[PDB]
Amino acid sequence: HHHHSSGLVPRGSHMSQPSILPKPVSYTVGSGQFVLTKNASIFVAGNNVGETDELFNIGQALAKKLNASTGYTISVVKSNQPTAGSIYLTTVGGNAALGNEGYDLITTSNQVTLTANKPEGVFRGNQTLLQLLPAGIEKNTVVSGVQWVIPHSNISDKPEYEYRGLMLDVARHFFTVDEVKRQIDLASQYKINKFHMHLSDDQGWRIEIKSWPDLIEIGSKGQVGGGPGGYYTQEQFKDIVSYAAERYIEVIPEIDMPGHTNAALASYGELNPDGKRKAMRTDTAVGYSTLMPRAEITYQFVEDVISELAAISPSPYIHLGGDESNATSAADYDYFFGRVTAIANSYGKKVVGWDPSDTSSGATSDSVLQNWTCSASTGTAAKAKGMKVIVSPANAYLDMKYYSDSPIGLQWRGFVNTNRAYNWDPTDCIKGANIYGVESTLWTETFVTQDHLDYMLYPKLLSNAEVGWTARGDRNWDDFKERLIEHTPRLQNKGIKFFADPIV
C-alpha cells in the first residue's frame, strides 16, 4: 500500500450538508428531512422538575441562537409530548455509557430528539444540532432564502478526554469582558469545556484584589509594547464565570508564581528585597522575575490573593503557574510551590501548575500538572504521585505563527499550522500518565486586537478541539481537512476573522 503526507493546496487555500466538528462517535444519514419552521417549539423534559428547569434554560439559549438567524420566535415548553415539527431535549432514559457529556441525537421528518444523561450532555449535543442545520443558521442577523432543513440522521457521541480547554493570556495584552465572552462563546460551539485565564504576568496584573489595591492602580496600567492596559473588577470576573457556566464551561483562574510576577513587584515595593517597586516592564523578556521565597510577606500576599480569588471562583481548581522561575533556586522553588499549595488547599482549592511544578515535595495527588514542555522526563513526579496531567505540546501552542511569514505570532516552538494542530495525540506528549486532557494556549505577546485572536485561534482551535473530543482511531487529517473546507462558510457566518490556511 501507498501513503503520503499533505503539502500546500495548489492555487491557494480552499478557505443537506451538515458540518460536524469535532467528529462524533457515529453519524448515519437516512432518507428524508426535518424542516424547522416558524411554528416550531422546543420541548424539554428531565427526570424531575429541577432537571426540567435546567433543561428549560438550555432550551432558551438554543432558541435565542435559532431565532437570530431564522427570524423566528421559537419558544420553549416544559412537556414530554412534543408536537410534529418540534425539537425535543430530554434526559429521560439517557444511555449511561455515553457519560455526563454524551448524547444521542436522532432526527426524523417530524421531530429532532436529543437524548442525554445530564443537562451538560444536552448542551454539548445542541452544538452538534447547530451544525446539522444549513450554513446560515450561525448568522447573528436574519438569513432569507435558506430552507431550514436537517437530514434524517442518527448521531451518538461522547468525548475521549474530560478536559478540553483554551487558555487566553490577558496579561500581555488586555481584552475586554465582551471580547473574552465572545471567545468563550465561540469555543463552546466546538465542545471546548474549560477556560483558563492567565490573569497576571510581568507586564500586567488583571484582577482586582481589594486587600492589595495597587495591583490594579499600578500593575494593571500597562501591557506589552506600552499601552493603556486594563483589568477586571471582581464583579466583572464573576460575570465571566457566570457566562461560562451557562455553557457548562469551568473557568480556572491563574495567578502565576513565583516567576512571571513583575507586575505585582512593580505595584508593591515590600515584595522586593530592597523594598522598592520595580519599574513596569513592556518588553517580552524572559524568566527574570521572582517573589521572595523566604519572606513571610510573600506568603501573606499569596494568601490574600488566594482568599479573594477563591471567594469569587467556584471551580475546585486554581492555577498557580510555576513556569520559568529562572530567578528562583531549585530549593526555593520546591519550598515555595509546596507552601502556596498548602495555602490553596486551606481555601478548598486544588492546584494546577505548569511543569516543573509537579516536582514540588508539597504537591499532592490532587494537584494537576499542565505539561507544556512534553519532554521524556517531564511529569515523572506527577506520574509517580498519581497526579492528573493536562497536555499543552507545541501542537497546542496556538500563538505560534502558522508559517515563517505570518504577520503575527511567535516561533519559539516552531510554526504551528492547521495540520500540525491536528496531527498529534496526547500520548505523544507523555507516556504512562493519567491524562486528564488537553489545553490550547493562546499567549498574547503579539496579539493586540480581537481580529488577531480570531486569526490564530481559527481554524487552529478546531484541530485541537477534535484531538480532545474524537478518539485517535477515528482521527485522520485527510478527512478533517475536507470537513474543515465544508465548515468554512460557518466561520464566515459567525464573523470570525479566521486565517484561510493554504494547507486546507
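Sequential numbering from 1, following the sequence displayed. Note that the rigid core is defined as the largest set of C-alphas that superpose within 1.5 Å between two forms.
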item	value
Stretch departing more from the displayed form, 285-293 or 129-137, Cα RMS in 5 other deposited structures of this protein (core fit)	285-293
Between neighbours residue 492 and residue 491, residues that the deposited sequence lists but the model omits	none
77-85 versus 297-305 - which carries the larger mean C-alpha B factor in the record	77-85
Given 91-99 and 121-129, the range whose Cα B-factors average higher in the PDB entry	91-99
Highest-ranked of 338, 316, 273, 204 once sorted by CA temperature factor in the record	273
Highest recorded Cα temperature factor - choice among 185, 169, 334, 428	428
Ranked against its chain, the third holding the CA B-factor of residue 144	highest
Residue 474, C-alpha B-factor rank within chain (lowest, middle or highest third)	highest
Ranked against its chain, the third holding the CA B-factor of residue 260	lowest
Modelled-residue ranking by C-alpha temperature factor, third containing residue 248	lowest
Position of residue 396 among the chain's modelled residues by C-alpha B-factor, lowest, middle or highest third	lowest
